[PDB]
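Note sheet for the following structure.
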Amino acid sequence: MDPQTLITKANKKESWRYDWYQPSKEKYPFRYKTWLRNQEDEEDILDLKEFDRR
Amino acid sequence: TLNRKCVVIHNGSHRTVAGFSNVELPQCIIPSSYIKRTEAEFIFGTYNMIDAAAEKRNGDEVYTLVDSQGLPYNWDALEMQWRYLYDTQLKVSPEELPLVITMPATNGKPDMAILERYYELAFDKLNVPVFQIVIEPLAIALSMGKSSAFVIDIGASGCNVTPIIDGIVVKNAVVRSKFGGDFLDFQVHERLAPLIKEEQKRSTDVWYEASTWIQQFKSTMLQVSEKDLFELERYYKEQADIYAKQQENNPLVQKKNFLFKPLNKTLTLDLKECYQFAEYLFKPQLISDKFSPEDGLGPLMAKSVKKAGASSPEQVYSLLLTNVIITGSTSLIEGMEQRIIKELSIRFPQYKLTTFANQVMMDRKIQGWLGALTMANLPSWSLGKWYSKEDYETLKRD
Amino acid sequence: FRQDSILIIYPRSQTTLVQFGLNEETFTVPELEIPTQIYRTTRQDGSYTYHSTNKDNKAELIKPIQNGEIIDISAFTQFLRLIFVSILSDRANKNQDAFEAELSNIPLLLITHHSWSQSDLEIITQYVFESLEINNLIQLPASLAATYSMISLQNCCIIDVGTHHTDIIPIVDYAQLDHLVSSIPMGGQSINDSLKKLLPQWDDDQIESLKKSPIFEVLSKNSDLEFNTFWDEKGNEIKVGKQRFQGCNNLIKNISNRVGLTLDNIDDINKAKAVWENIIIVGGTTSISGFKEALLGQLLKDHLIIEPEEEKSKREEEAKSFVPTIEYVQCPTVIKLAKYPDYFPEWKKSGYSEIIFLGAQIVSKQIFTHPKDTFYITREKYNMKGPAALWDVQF
Amino acid sequence: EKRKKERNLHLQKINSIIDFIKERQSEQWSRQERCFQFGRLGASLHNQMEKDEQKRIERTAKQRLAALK
């Protein structure tokens, strides 16, 4: 099948980004990269039995 | 907690300990020295430095980065050490994550310059977005669960005793002794020098010996007298005479044997000789007349307690002597804590000594790093002074 | 979970061992040995499209792992996507209802390396749960998968002799001392290139076939006869003399020096000796016979604590006038190889050179056949912290 | 007034950092115990995979007489 619909039909949900964050006490005078929660608005197949050892 | 990940870097006098905040053990424990190889090449790391010093190449020179004060003094190679941390060990940009670094307890003068150096090191060189300075005897004290504590960090540079009352460091009573691990590196290598046929520029050879077999002698052959050594021979014979009389031998003459690895030779030292090196931490007059007993650890216990009483003294005395924290890599030798127990109970017999120590061997070497680790995971940034780039920009103005 | 839905990926510098589903009677050899390589088409506008084959000779061959290190974190994860979808298509081709039985909930176990970065491991956590959409993920180290393939001894030492590198890892308390993990850049090719020095008139193919010959052993009968004949990859008979007994000594001496410098910095004396008594030497290189016994004997030669043979012999002459031995205080008094698991039939058949894969089958029978989610991130834990939840499921 | 707020915020900063470290002290004890148990729990599955595959070897050795006849 198509490589994306093999994934979506399988394994049955948020997204995450590695982003700068400025924390609150208001806002601290720095930032830092961390894993911030994404908000609402935020190819090929090898044929098997080719690498099968025999 | 906070959605964060901090960088924890501890620059001790002998070991540069670095790791992350989301882990409990450090990413690396590299030495606080480097081989300058001569073009100049600054070899950092543990295995890269022991292999380069085992080559015994000319032009190689082990140069330290942190002096006996606990302060960094070679800031450019410490930057290159910190570049070796962030890239080769931490594998992260220094601008991505916050930083937490360690400072020794001082009397108050040399902090602002080293803060300005740490301003020049975190911002001007690494572009760390925020770095937090914690005090290493304070960070050790809080990580054991104390806001008021009596911390003694016996490192390689010496003994660093620090009285702490209620979160603030009593700075005028902070005394830093000279006799510690690198001094024990000197004394052990001196007495075994007829037994090993041996007896800066050759500090490539000197630090290599101190990191391979002199560190092996202090970890295995060294025993500290838990009394004074003259008091210990008096105490051990009087108990053995009771053991002989109640039923119907000298414990010094127990031949503790050291297999010297560069020569394949037994180094037979009896237990008094193992007691002899550790005596100089508490009686440094046993090597030279220039060292008072106050310069040793024993009378420096009472001197740091009595100066903290003038921070009403006798409550400060009972505050410290019931909150004794023992830490350091040199304190891992057997009998270190009981000698501090004896030398302080003979100087304060009225007060009962309750001394605490991280009994884990690895965790007491990195207790300054583990002290900064707990401060790196605080769930409020108002719990510690987090030096933003603005905090250097307000220091730049006049 | 269902044990047929269990997926284990062991990616290396050269190859990648893949097995989807446990045999449930005995644990078997990994059948799929895919080379760790992806094909990067430089798509116009700058985008990348990652392929299994050379897409019209516009793709470049990107091997995302060399010497165990991830060098391309997006190309590795898309090569993980390349392998995973190839399992998803084959299970959709073989079973055709696998999306409700074999693919409806897939527990993924990616065997990780010590040299993989924290940002690299977190992008893998970001990739598996968003693009791969896989509901669970174990990021098991290659060091801890090796000691969980053995009898799960509490203190061990891992010597991962690869093709171009050797990873020397101490293990105490089922954990990794990251401040003592070192890796020399000397692997299976160091055995080959030392035979290039001993056999200059040969090529790389005859020496690698000599390294893959059955007559290549290390001394610590082949030993009695001087010359022996092996076969080439093309079937040509080639004679060799005593060079089949050498070529391994430089790698053996360099490992034992790096092992001895690693475990001497363990200040806890009780923890270090059980590491010294549980030496584990693994890798695709380590299929050479006699390599582990001489590497053990070199540790007996360089790091075994004993009274010196000159000092014992003088004292034995002094007793000739019963010998009590000199008692030292240093830790490596006994140096032993760890006992290997001799109860898997298929792993005894195909060798234990890839034994890191076998402990993953035990960990996936430990964690994926038990309801405890303490060592894998769920969909809930990814919706809580994301890749920040990766450092709550580590060993 | 202003003096009551400073002493209480100092006591709150003292007690909370003591409490949060004691939380992370217990987090240090909790994570190491799981590493000890699941390592030995992996050792238990080793003995589980041992006894299942050892009786398979013992049964086929007795069934060699059926192959022998």
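Chain labels run A, B, ... following the order of the structure tokens; each chain numbers its residues from 1, and ligands are numbered from 1 in the order shown.
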With only C-alpha atoms as the counted atoms, please give the residues lying no more than 9 Å from segment 313-326 of chain C, apart from itself and same-chain residues fewer than 4 positions off, as a PyMOL selection string. (chain B and resi 257+266) or (chain C and resi 306-309)
Would you return as a VMD selection string the members of segment 11-139 of chain B that DSSP assigns to strand (DSSP E) on this structure's backbone? chain B and resid 11 15 to 20 28 to 31 33 to 37 41 to 43 61 to 64 99 to 103 130 to 135
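Near segment 305-310 of chain B, within a cut-off of 7 Å and counting only C-alpha atoms, sit the residues residues 163, 170, 173, 301, 302, 313, 314, 316 and 317 of chain B, with same-chain residues fewer than 3 positions away left out.
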With C-alpha atoms retained, export the selected residues as a compact mmCIF listing (two decimals), in the first residue's frame.
```txt
# COMPACT_ATOMS: atom_id res chain seq x y z
CA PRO B 163 29.28 27.09 58.41
CA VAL B 170 28.33 32.50 57.13
CA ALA B 173 33.91 31.69 59.13
CA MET B 301 37.05 22.55 63.10
CA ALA B 302 36.74 24.65 66.26
CA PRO B 313 27.33 32.02 69.85
CA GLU B 314 26.60 28.85 71.86
CA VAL B 316 25.15 28.83 66.68
CA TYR B 317 27.67 26.27 68.00
```
Distance limit 6 Å, atoms considered: only C-alpha atoms. Which chain A residues sit that close to chain C? Return them as an mmCIF file with N, CA and C atoms, in the first residue's frame.
```cif
data_model
loop_
_atom_site.group_PDB
_atom_site.id
_atom_site.type_symbol
_atom_site.label_atom_id
_atom_site.label_comp_id
_atom_site.auth_asym_id
_atom_site.auth_seq_id
_atom_site.Cartn_x
_atom_site.Cartn_y
_atom_site.Cartn_z
ATOM 1 N N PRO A 3 2.831 4.259 1.707
ATOM 2 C CA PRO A 3 3.552 4.228 2.993
ATOM 3 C C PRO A 3 2.915 5.033 4.113
ATOM 4 N N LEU A 6 -0.336 2.918 5.415
ATOM 5 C CA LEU A 6 0.079 1.771 6.214
ATOM 6 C C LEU A 6 0.345 2.190 7.654
ATOM 7 N N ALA A 10 -2.399 1.491 10.907
ATOM 8 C CA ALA A 10 -1.775 0.804 12.018
ATOM 9 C C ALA A 10 -1.857 1.642 13.289
ATOM 10 N N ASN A 11 -1.501 0.994 14.409
ATOM 11 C CA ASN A 11 -1.333 1.622 15.726
ATOM 12 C C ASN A 11 -2.620 2.284 16.215
ATOM 13 N N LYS A 12 -3.723 1.553 16.097
ATOM 14 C CA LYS A 12 -5.025 2.049 16.527
ATOM 15 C C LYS A 12 -5.964 0.895 16.853
ATOM 16 N N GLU A 14 -1.256 14.082 20.406
ATOM 17 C CA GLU A 14 -0.729 15.420 20.195
ATOM 18 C C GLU A 14 0.590 15.380 19.430
ATOM 19 N N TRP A 16 4.522 17.466 19.197
ATOM 20 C CA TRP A 16 5.465 18.129 20.086
ATOM 21 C C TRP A 16 6.610 18.729 19.284
ATOM 22 N N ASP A 44 9.025 5.144 0.197
ATOM 23 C CA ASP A 44 9.414 3.893 -0.434
ATOM 24 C C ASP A 44 9.297 2.741 0.552
ATOM 25 N N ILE A 45 9.301 1.532 -0.007
ATOM 26 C CA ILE A 45 9.168 0.284 0.735
ATOM 27 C C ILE A 45 10.232 -0.676 0.228
ATOM 28 N N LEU A 46 11.101 -1.143 1.120
ATOM 29 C CA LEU A 46 11.955 -2.266 0.766
ATOM 30 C C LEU A 46 11.130 -3.545 0.757
ATOM 31 N N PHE A 51 16.537 -9.256 2.487
ATOM 32 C CA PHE A 51 17.531 -9.270 3.548
ATOM 33 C C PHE A 51 17.340 -10.445 4.495
ATOM 34 N N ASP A 52 16.455 -11.378 4.149
ATOM 35 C CA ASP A 52 16.273 -12.601 4.919
ATOM 36 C C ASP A 52 17.492 -13.500 4.738
ATOM 37 N N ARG A 53 18.163 -13.816 5.843
ATOM 38 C CA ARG A 53 19.353 -14.651 5.793
ATOM 39 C C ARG A 53 18.977 -16.113 5.593
#
```
Neighbours of residue 18 of chain A within 7 Å (only C-alpha atoms; same-chain residues fewer than 4 positions away dropped), as an MDAnalysis selection string? chainID A and resid 33:36
Could you list, as number ranges by chain, the residues of chain B having an atom within 7 Å of chain D when counting only C-alpha atoms? B: 142-143, 145-147, 167, 374, 383
Take the residues just selected and output them with N, CA and C atoms as a PDB file, in the first residue's frame.
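File selection.pdb, as written:
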```pdb
ATOM      1  N   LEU B 142      21.968  21.864  50.904  1.00  0.00           N
ATOM      2  CA  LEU B 142      20.549  21.771  50.584  1.00  0.00           C
ATOM      3  C   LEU B 142      20.174  20.404  50.030  1.00  0.00           C
ATOM      4  N   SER B 143      21.066  19.774  49.259  1.00  0.00           N
ATOM      5  CA  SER B 143      20.781  18.468  48.679  1.00  0.00           C
ATOM      6  C   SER B 143      20.797  17.342  49.704  1.00  0.00           C
ATOM      7  N   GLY B 145      19.297  18.022  52.528  1.00  0.00           N
ATOM      8  CA  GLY B 145      18.085  18.377  53.229  1.00  0.00           C
ATOM      9  C   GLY B 145      18.237  19.415  54.316  1.00  0.00           C
ATOM     10  N   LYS B 146      19.217  20.310  54.209  1.00  0.00           N
ATOM     11  CA  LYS B 146      19.502  21.277  55.258  1.00  0.00           C
ATOM     12  C   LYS B 146      19.618  22.680  54.682  1.00  0.00           C
ATOM     13  N   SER B 147      18.923  23.627  55.309  1.00  0.00           N
ATOM     14  CA  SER B 147      19.179  25.037  55.065  1.00  0.00           C
ATOM     15  C   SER B 147      20.218  25.605  56.018  1.00  0.00           C
ATOM     16  N   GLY B 167      20.052  28.904  55.200  1.00  0.00           N
ATOM     17  CA  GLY B 167      20.087  29.214  53.788  1.00  0.00           C
ATOM     18  C   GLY B 167      21.191  30.153  53.355  1.00  0.00           C
ATOM     19  N   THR B 374      20.351  19.208  42.038  1.00  0.00           N
ATOM     20  CA  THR B 374      19.077  19.447  42.706  1.00  0.00           C
ATOM     21  C   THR B 374      18.631  20.895  42.562  1.00  0.00           C
ATOM     22  N   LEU B 383      13.272  30.551  43.012  1.00  0.00           N
ATOM     23  CA  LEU B 383      13.985  29.877  44.088  1.00  0.00           C
ATOM     24  C   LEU B 383      15.491  30.099  44.032  1.00  0.00           C
TER      25      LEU B 383
END
```
Produce a table with one row for each residue of chain A that has an atom at most 12 Å from any atom of chain B, each row naming the nearest atom pair and its distance in Å at one decimal; use only C-alpha atoms; arrange rows by chain and rising residue number; format as a Markdown table.
```
| residue | atom | partner | partner_atom | distance |
| --- | --- | --- | --- | --- |
| A:18 | CA | B:96 | CA | 9.7 |
| A:19 | CA | B:96 | CA | 8.9 |
| A:20 | CA | B:96 | CA | 7.7 |
| A:21 | CA | B:4 | CA | 8.6 |
| A:22 | CA | B:4 | CA | 10.3 |
| A:23 | CA | B:381 | CA | 8.4 |
| A:24 | CA | B:381 | CA | 8.6 |
| A:25 | CA | B:382 | CA | 7.1 |
| A:26 | CA | B:382 | CA | 11.3 |
| A:27 | CA | B:381 | CA | 10.8 |
| A:28 | CA | B:381 | CA | 8.4 |
| A:29 | CA | B:388 | CA | 6.0 |
| A:30 | CA | B:388 | CA | 5.5 |
| A:31 | CA | B:129 | CA | 6.3 |
| A:32 | CA | B:97 | CA | 5.3 |
| A:33 | CA | B:96 | CA | 4.7 |
| A:34 | CA | B:4 | CA | 5.5 |
| A:35 | CA | B:3 | CA | 6.9 |
| A:36 | CA | B:3 | CA | 7.2 |
| A:37 | CA | B:3 | CA | 9.5 |
```
Based on the selection just made, write C-alpha atoms of those residues as an mmCIF file, in the first residue's frame.
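Dumped to part_2.cif:
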```cif
data_model
loop_
_atom_site.group_PDB
_atom_site.id
_atom_site.type_symbol
_atom_site.label_atom_id
_atom_site.label_comp_id
_atom_site.auth_asym_id
_atom_site.auth_seq_id
_atom_site.Cartn_x
_atom_site.Cartn_y
_atom_site.Cartn_z
ATOM 1 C CA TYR A 18 11.652 21.425 20.367
ATOM 2 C CA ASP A 19 11.207 25.152 20.872
ATOM 3 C CA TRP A 20 12.313 28.150 22.894
ATOM 4 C CA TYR A 21 10.247 28.858 25.991
ATOM 5 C CA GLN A 22 10.116 31.934 28.203
ATOM 6 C CA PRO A 23 8.722 31.030 31.640
ATOM 7 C CA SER A 24 6.507 33.089 33.916
ATOM 8 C CA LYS A 25 6.927 34.140 37.544
ATOM 9 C CA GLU A 26 5.814 38.238 34.611
ATOM 10 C CA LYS A 27 7.983 36.738 31.883
ATOM 11 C CA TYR A 28 11.529 35.878 32.904
ATOM 12 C CA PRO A 29 14.250 37.864 31.065
ATOM 13 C CA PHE A 30 15.637 34.770 29.263
ATOM 14 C CA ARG A 31 14.429 31.943 27.079
ATOM 15 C CA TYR A 32 15.561 28.329 26.692
ATOM 16 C CA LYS A 33 14.971 25.480 24.272
ATOM 17 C CA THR A 34 12.695 22.736 25.594
ATOM 18 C CA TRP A 35 9.928 20.406 24.439
ATOM 19 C CA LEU A 36 6.822 22.607 24.293
ATOM 20 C CA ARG A 37 3.358 21.234 23.599
#
```
9 Å contact set for residue 299 of chain B, only C-alpha atoms, chain neighbours under 3 positions out, as a compact mmCIF listing (two decimals) with C-alpha atoms, in the first residue's frame:
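Generated output (selection_29.txt):
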```txt
# COMPACT_ATOMS: atom_id res chain seq x y z
CA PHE B 282 45.04 16.77 60.99
CA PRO B 293 47.94 22.34 64.15
CA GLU B 294 45.38 25.08 63.36
CA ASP B 295 46.46 24.72 59.72
CA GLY B 296 45.43 21.08 60.01
CA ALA B 302 36.74 24.65 66.26
CA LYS B 303 38.06 27.81 64.58
CA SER B 304 35.32 27.68 61.94
CA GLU B 343 38.96 16.06 66.66
CA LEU B 344 35.73 18.06 67.05
CA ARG B 347 37.21 20.66 70.95
```
Near chain B, meaning an atom within 10 Å, which residues of chain C appear when counting only C-alpha atoms? Write them as JSON, numbers by chain. {"C": [115, 116, 117, 118, 119, 120, 176, 177, 178, 179, 180, 181, 182, 183, 184, 257, 258, 261, 262, 264, 265, 266, 267, 268, 269, 302, 303, 305, 306, 307, 308, 309, 310, 311, 326, 327, 328, 329, 330, 331, 385, 388, 390, 391, 392, 394]}
Which one is closest to chain D: C:278, C:36, C:26, C:192? Count only C-alpha atoms. C:26
Provide as a VMD selection string the residues of chain C at most 10 Å from chain D, counting only C-alpha atoms. chain C and resid 25 to 27 144 147 to 154 173 to 175 341 to 345 359 362 to 363 365 to 367 374 to 375 392 to 395
Write the residues you've just listed into a file as a compact mmCIF listing (two decimals), in the first residue's frame, and include N, CA and C atoms for each of them.
```
# COMPACT_ATOMS: atom_id res chain seq x y z
N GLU C 25 7.91 -20.07 21.25
CA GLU C 25 8.45 -21.32 21.77
C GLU C 25 9.89 -21.13 22.23
N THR C 26 10.75 -20.70 21.32
CA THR C 26 12.11 -20.30 21.64
C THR C 26 12.42 -19.02 20.89
N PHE C 27 13.42 -18.30 21.38
CA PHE C 27 13.86 -17.09 20.71
C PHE C 27 14.83 -17.46 19.60
N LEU C 144 22.69 -2.40 27.73
CA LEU C 144 21.79 -3.08 28.65
C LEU C 144 21.06 -4.23 27.98
N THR C 147 23.57 -7.26 28.53
CA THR C 147 23.55 -7.87 29.85
C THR C 147 22.20 -8.48 30.21
N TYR C 148 21.12 -8.09 29.52
CA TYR C 148 19.84 -8.77 29.66
C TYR C 148 19.72 -9.96 28.72
N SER C 149 20.71 -10.18 27.86
CA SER C 149 20.81 -11.41 27.10
C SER C 149 21.53 -12.49 27.89
N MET C 150 22.51 -12.08 28.69
CA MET C 150 23.09 -12.94 29.71
C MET C 150 22.11 -13.11 30.86
N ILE C 151 22.59 -13.70 31.96
CA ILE C 151 21.74 -14.16 33.06
C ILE C 151 21.26 -12.98 33.92
N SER C 152 21.51 -11.75 33.44
CA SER C 152 21.18 -10.46 34.05
C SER C 152 21.97 -10.30 35.33
N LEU C 153 23.29 -10.41 35.18
CA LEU C 153 24.23 -10.13 36.26
C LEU C 153 24.21 -8.64 36.56
N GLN C 154 24.34 -8.30 37.85
CA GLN C 154 24.14 -6.92 38.28
C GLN C 154 25.29 -6.02 37.85
N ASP C 173 25.03 -2.07 38.64
CA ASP C 173 23.67 -1.93 39.18
C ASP C 173 22.62 -1.82 38.07
N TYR C 174 22.83 -2.61 37.01
CA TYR C 174 22.02 -2.61 35.78
C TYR C 174 21.95 -1.23 35.13
N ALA C 175 23.02 -0.44 35.26
CA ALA C 175 23.05 0.93 34.78
C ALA C 175 24.37 1.20 34.09
N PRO C 341 24.53 -17.41 27.66
CA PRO C 341 23.29 -18.20 27.70
C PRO C 341 23.31 -19.37 26.73
N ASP C 342 23.47 -20.58 27.26
CA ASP C 342 23.60 -21.78 26.44
C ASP C 342 22.30 -22.57 26.34
N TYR C 343 21.15 -21.90 26.40
CA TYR C 343 19.86 -22.58 26.39
C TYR C 343 18.97 -22.20 25.22
N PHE C 344 19.38 -21.23 24.40
CA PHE C 344 18.64 -20.91 23.18
C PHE C 344 19.16 -21.78 22.04
N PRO C 345 18.32 -22.62 21.41
CA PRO C 345 18.80 -23.49 20.33
C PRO C 345 19.18 -22.75 19.06
N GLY C 359 18.76 -10.23 23.91
CA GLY C 359 18.24 -9.65 25.14
C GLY C 359 17.05 -8.74 24.90
N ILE C 362 14.08 -10.81 25.08
CA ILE C 362 13.75 -11.08 26.47
C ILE C 362 13.14 -9.85 27.14
N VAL C 363 13.65 -8.66 26.80
CA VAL C 363 13.08 -7.42 27.30
C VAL C 363 11.68 -7.20 26.72
N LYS C 365 9.84 -9.65 25.89
CA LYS C 365 9.01 -10.59 26.63
C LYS C 365 8.86 -10.16 28.08
N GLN C 366 9.72 -9.26 28.56
CA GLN C 366 9.61 -8.75 29.92
C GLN C 366 8.64 -7.58 29.99
N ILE C 367 8.75 -6.64 29.05
CA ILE C 367 8.01 -5.39 29.18
C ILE C 367 6.78 -5.37 28.28
N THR C 374 6.24 1.33 32.59
CA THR C 374 7.21 2.16 33.29
C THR C 374 8.48 2.36 32.45
N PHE C 375 8.70 1.53 31.44
CA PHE C 375 9.87 1.68 30.58
C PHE C 375 9.51 1.86 29.10
N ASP C 392 11.79 9.70 31.64
CA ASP C 392 11.03 9.10 32.73
C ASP C 392 10.83 7.61 32.53
N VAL C 393 11.23 7.06 31.38
CA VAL C 393 11.09 5.65 31.06
C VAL C 393 12.44 4.97 30.88
N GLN C 394 13.54 5.68 31.14
CA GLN C 394 14.86 5.10 30.98
C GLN C 394 15.15 4.12 32.11
N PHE C 395 16.09 3.21 31.85
CA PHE C 395 16.49 2.21 32.83
C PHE C 395 17.30 2.84 33.95
```
